[PDB]
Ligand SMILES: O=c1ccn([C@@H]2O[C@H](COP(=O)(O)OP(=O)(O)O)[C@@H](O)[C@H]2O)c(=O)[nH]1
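This document starts with one chain, in the form solved without the ligand, laid out as structure tokens.
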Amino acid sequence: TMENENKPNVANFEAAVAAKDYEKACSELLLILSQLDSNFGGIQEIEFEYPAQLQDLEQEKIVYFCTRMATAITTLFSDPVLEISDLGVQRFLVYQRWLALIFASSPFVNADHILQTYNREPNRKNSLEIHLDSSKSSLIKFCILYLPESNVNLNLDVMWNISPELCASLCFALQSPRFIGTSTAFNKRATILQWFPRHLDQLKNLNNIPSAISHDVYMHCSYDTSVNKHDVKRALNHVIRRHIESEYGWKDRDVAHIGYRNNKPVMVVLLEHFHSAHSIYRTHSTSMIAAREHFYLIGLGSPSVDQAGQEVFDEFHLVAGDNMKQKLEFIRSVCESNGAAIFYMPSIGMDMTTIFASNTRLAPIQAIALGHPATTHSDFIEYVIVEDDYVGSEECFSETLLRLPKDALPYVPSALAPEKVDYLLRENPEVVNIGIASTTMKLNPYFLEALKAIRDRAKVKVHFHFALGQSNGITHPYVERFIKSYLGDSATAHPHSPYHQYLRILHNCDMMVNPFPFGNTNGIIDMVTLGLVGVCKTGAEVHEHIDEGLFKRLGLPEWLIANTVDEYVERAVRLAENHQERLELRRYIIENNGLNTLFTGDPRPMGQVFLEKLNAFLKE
């Protein structure tokens, strides 16, 4: 070792590409990409210099960064001497989503101009089709630069045949970004969710696929529009179960008998993202407290869990292990020692160890809740806890729904809720401002097409204020470009802002519209807090149906709840066009508002319901 050998450094990267030092260049490149990954797109901790002009121009500074990286990547990867190891490809593919953002936020859009240099057949029918060498080396480099925004062509059947692990790897990469919003990207992803599950089902384990973004493929598929969008989870669990039998030498538990602590049977709860200021806690901690009426509750978590969340359990521990393997065995050793009755995950999806445990037998009764609102397709999870209010179709779940009363899951109020108001009931609106609360994953071509129509067919003039939670560093210019392509000057894409500045943007709006297919929950409480009103789309998945559940809970009128994209457009046109209706609707919410009713209820049911299942099982 020598000093400063690992600092992500844009200039060092550039120097190694120019020097033709191909192995230094790929490594300096990976320092920068892995840092982008740790920063979730931010460019902090990545040393680079910039023209004085860019001092207080963060966006521009970002696009500069991306364009320097793009041009260096270009001169490196266009060079036909460059070979990438078989280990190196796994590293590049695990971080593909950060190359996507580098090119996508630069003026280059994608990397097809490098892909085109890899083409060998000079006389072609299709100019977007890339006739490769027969080097595997050339196939690797093509896959690394096959970005979501690519216009070049892709045959998966051909690639699966040639190298299946490589093809799987690329599939994983394409599903991993947190922003899959433009049509080019969303269409790649869409076809992949139709094609790839029956193929991932073929794999023996996760040894040669980018496995560290496995949770990402797991979660991200929920944000697609197709009905079978979740199939990849099914295929994914099977590979995971295979993986854990062979590689981890897993033996499930014997769940014939159970044990007790202070005369109550045990519930072991595997946590993820459970801190008291976040929403899993705010939605579920209360039903978990109340379950302590009948169950001794052992929480297992990360050190991210503060005092308040640890206090929901009778006993709380860290999940131990260097490896996924030791983490599983620790989880096993707690269920084993206590003879757990119930194994429960109020959220599954956000963390990988949660998805590993759901491919595993650890108590007689295993259940998830909907912190992340999507069926697991796992044969080892018997039940889902859910508010009755919030389910559309039961067929959306391979698990059996355990439908609780609508006040069964009492929310905790965020401590950031303002204590005062200043309601803005604009009587003369030249312009009708419309707010969208959204993450970047919620953004799709269908949602944005819908807002275009609203803008186009509305006799009143509108402007859309997008308050994005997700738009950090290098993500943001691209999401900005995306939104501009549909709405140009009728939209403002505000970067990620803290709660207060965020309320301040909605507060200068007249109404809100809600994203689909994945709805909001927080956005709606925010909207009602500000005595604002709006339109949501309902549908069959729980995450499509929450908005309806919540409108009804908040006293909102049912015509605000659309069933089709067509209605949704039309209902927003109505509410933006009809000034007086809008206003009265606002005053009705300001005056009669069910917000009160969210923060209370009888949280006992979840515990009751589980006890009933356990006692039933105990008769065997």
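So that there is no doubt, residue numbering starts at 1 and follows the sequence shown.
Although it is not shown, the form solved in complex with the ligand is what the next lines describe.
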| query | finding |
| --- | --- |
| Open or blocked: the ligand superposed from its pose in the entry with it bound, cut-off 2.4 Å to backbone or C-beta | open |
| Residue contact check: residue 188 to the ligand in the entry with it bound, 4.5 Å heavy atom | no |
| Exercise: residue 499 in contact with the ligand in the entry with it bound, heavy atom 4.5 Å | yes |
| Contact flag, residue 216 vs the ligand in the entry with it bound, heavy atom cut 4.5 Å | no |
| Residue 360 within 4.5 Å of the ligand in the entry with it bound, heavy atoms | no |
| The single option of 538, 521, 90, 353 touching the ligand in the entry with it bound, heavy atom within 4.5 Å | 521 |
| Selected contact from 399, 548, 149, 526, since only one has a non-hydrogen atom within 4.5 angstroms of the ligand in the entry with it bound | 526 |
| Which of 205-213, 325-333, 417-425, 463-471 lines the interface with the ligand in the entry with it bound (heavy atom within 4.5 Å) | 463-471 |
